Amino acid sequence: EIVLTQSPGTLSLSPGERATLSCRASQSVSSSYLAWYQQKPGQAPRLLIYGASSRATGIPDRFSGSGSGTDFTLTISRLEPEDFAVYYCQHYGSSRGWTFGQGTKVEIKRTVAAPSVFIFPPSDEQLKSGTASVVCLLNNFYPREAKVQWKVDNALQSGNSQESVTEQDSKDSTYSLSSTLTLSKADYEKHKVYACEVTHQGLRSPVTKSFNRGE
């Protein structure tokens, strides 16, 4: 069972910079059956390199493949805006057991940006039907790693919450996250203080946004 490990998980660079992506195999594999793919967020995979070093038809000269044995490399000599995507390597040697790497994301490097934190109480419309969804928004932050912690009556609330993150913005290269705490109306009315606690590298101290129910 041949395993392909790609590193780094994320590459944070600027347009014009050199990108060096790595794909390591648990055993030695034939260069003739190692390929590189590009995948923009909404589209299908696209073949970039086959046979470790051969450019597919129409691929720009800035894409280059090298390596042998267990260490394979995809180089992008100078990154263009369209090159910021996710890259996969694939081993297709012999007749069975073909595998992919886990993928490397090439993101736009940016200054650290603290998130703007907003909190939304559940609407009256939703509360009428027996459910309470509290939404906490983290807007336009970089890097992507963030920590959202729900506090209910000054107690850390685990469960009943789900996160979702946008893709990197085309213009300002930031991310935004939304956390939703969803309780029944009965449980929502058993507590008063509903708070959203955000931890991010751009904030020296955790920023808390809160409200009192119906107050």
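One rule holds for the numbers: they count along the sequence shown, beginning at 1.
Looking at the entry, does 175-183 or 38-46 show the higher mean C-alpha B-factor?
-> Per the PDB record, 38-46.
Segment of higher mean CA temperature factor, 121-129 or 91-99 = If you average the C-alpha B-factors of 121-129 and of 91-99, the larger mean comes out for 121-129.
In the PDB entry, which of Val112, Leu138, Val134, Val86 has its C-alpha at the highest B-factor?
-> Among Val112, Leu138, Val134, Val86, the PDB entry lists the largest C-alpha B-factor for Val112.
By its CA B factor, does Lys190 count among the lowest, middle or highest third of the modelled residues in the chain?
-> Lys190: CA B-factor falls in the highest third of its chain.
What third of its chain's C-alpha B-factors does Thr73 belong to: lowest, middle or highest?
-> It falls in the bottom third of the chain.
Using the B-factor values recorded in the entry, state whether the Cα atom of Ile2 falls in the lowest, middle or highest third among the modelled residues of its chain.
-> Answer is highest: the recorded C-alpha B-factor places it there.
Could you say whether, by C-alpha temperature factor, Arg62 belongs to the lowest, middle or highest third of its chain?
-> Answer is highest: the recorded C-alpha B-factor places it there.
Thinking about Cα B factors across the chain, which third does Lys151 belong to?
-> Middle third by C-alpha B-factor.
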